[PDB]
Amino acid sequence: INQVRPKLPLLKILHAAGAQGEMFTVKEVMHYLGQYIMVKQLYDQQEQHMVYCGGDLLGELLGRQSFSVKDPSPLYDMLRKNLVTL
Ligand SMILES: COc1nc(N(C)C)ncc1-n1nc2c(c1C(C)C)[C@H](c1ccc(C#N)cc1)N(c1cc(Cl)c[nH]c1=O)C2=O
Ligand SMILES: [Cl-]
């Protein structure tokens with residue numbers, strides 16, 4: 001409904017950040033993605049809107065070495081491709 005099912009590569013990352021199950025809201029997905037970024041401290045301390053995720057699961061998932069949380073077409077492309085609806 002507003003429930004989505006992450007595809008495997010995304011789901012792995014979600015469970016890594018603590019998520020249980022295979023069905024989520026977009027908010028839930030965002031929460032756990034963000035939690036993942038925060039607990040793995042993938043961001044640059046000196047430029048905190050910049051996520052450096054090369055050589056990480058998330059890097060592979062996004063197909064990027066780095067990205068700006070301010071400019072998340074990388075993120076939304078991944079979600080378009082990794083969230084299965086209805
Ligand atoms: C490294 O980033 C940060 N660093 C800090 N420090 C003080 C160090 N504080 C906040 C953030 N931060 N900014 C934003 C977000 C965060 C946390 C939750 C990672 C979330 C977000 C962004 C990207 C993904 C992915 N993959 C998942 C959630 N987010 C969002 C971005 C969009 Cl486009 C939609 N919804 C959001 O919640 C932001 O803008
Ligand atoms: Cl939690």
Side-chain angles (χ1 to χ4, degrees):
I1 167 162
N2 38 247
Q3 304 291 117
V4 293
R5 286 167 189 273
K7 287 183 184 170
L8 222 34
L10 175 52
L11 194 66
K12 196 211 289 296
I13 283 144
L14 301 180
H15 299 155
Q20 290 166 217
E22 8 278 318
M23 202 186 57
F24 307 93
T25 58
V26 174
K27 189 182 213 83
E28 279 183 283
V29 181
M30 283 307 293
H31 168 69
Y32 283 118
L33 278 176
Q35 181 146 296
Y36 185 89
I37 291 166
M38 296 303 302
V39 75
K40 297 292 172 187
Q41 278 191 0
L42 302 179
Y43 61 93
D44 182 359
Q45 250 302 292
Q46 292 319 311
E47 195 174 38
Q48 293 179 359
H49 66 88
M50 285 297 294
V51 176
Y52 292 86
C53 49
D56 182 282
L57 296 325
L58 183 62
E60 258 84 302
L61 218 212
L62 298 172
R64 266 154 154 281
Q65 297 305 116
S66 77
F67 73 96
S68 168
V69 299
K70 280 181 150 287
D71 192 286
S73 90
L75 169 70
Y76 283 119
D77 293 358
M78 180 278 280
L79 295 181
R80 169 61 185 88
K81 297 197 262 288
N82 287 269
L83 302 180
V84 180
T85 201
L86 66 89

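Below, all heavy atoms of this structure are taken into account, side chains as well, without hydrogens, waters or symmetry copies. Counting begins at 1 with the first residue of the sequence.
- The side-chain hydrogen bond (donor to acceptor under 3.5 Å, both in side chains) search around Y43 returns none, not counting sequence neighbours.
- The shortest non-hydrogen separation linking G21 to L11 is O-CD1, 3.5 Å.
- Considering all non-hydrogen atoms of both residues, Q35 and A17 come closest at NE2-O, 2.7 Å.
- Under a hydrophobic-cluster definition in which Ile, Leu, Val, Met, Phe, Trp and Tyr are linked whenever side-chain heavy atoms come within less than 4.5 Å, directly or via other members, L61 and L57 are assigned to the same cluster.
- Hydrophobic cluster membership is shared by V26 and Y32, with clusters built from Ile, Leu, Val, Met, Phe, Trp and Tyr side chains linked at under 4.5 angstrom.
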Verdict with supporting geometry, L79 and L33, side-chain contact (heavy atoms from CB on, under 4.5 Å): CA-CA 11 Å; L79 295 181; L33 278 176; 3.9 Å; yes

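- The side-chain hydrogen bond (donor to acceptor under 3.5 Å, both in side chains) search around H15 returns none, not counting sequence neighbours.
- One finds the CE atom of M78 at 13.0 Å from the CD atom of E60 (value rounded to the nearest 0.5 Å).
- Side-chain N or O atoms of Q48 include one that pairs as donor or acceptor with a backbone N or O of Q45 at under 3.5 Å.
- Residues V39 and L62 do not share a hydrophobic cluster, defined by chaining ILVMFWY side chains whose heavy atoms lie under 4.5 Å apart.
- Of all the heavy atoms in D44 and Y52, the pair that sits closest is CB-CE1, 3.8 Å.
- Judged as a side-chain hydrogen bond (donor to acceptor under 3.5 Å, both in side chains), and not counting sequence neighbours, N82 has no contacts.
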Residue pair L10, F24: steps toward the side-chain contact (heavy atoms from CB on, under 4.5 Å) verdict: CA-CA 12 Å; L10 175 52; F24 307 93; over 6 Å; no

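- At a threshold of 4.5 Å between side-chain heavy atoms, the hydrophobic network of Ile, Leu, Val, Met, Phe, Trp and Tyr places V69 and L75 in one connected group.
- There is no path of hydrophobic side-chain contacts, each under 4.5 Å, that joins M23 to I13.
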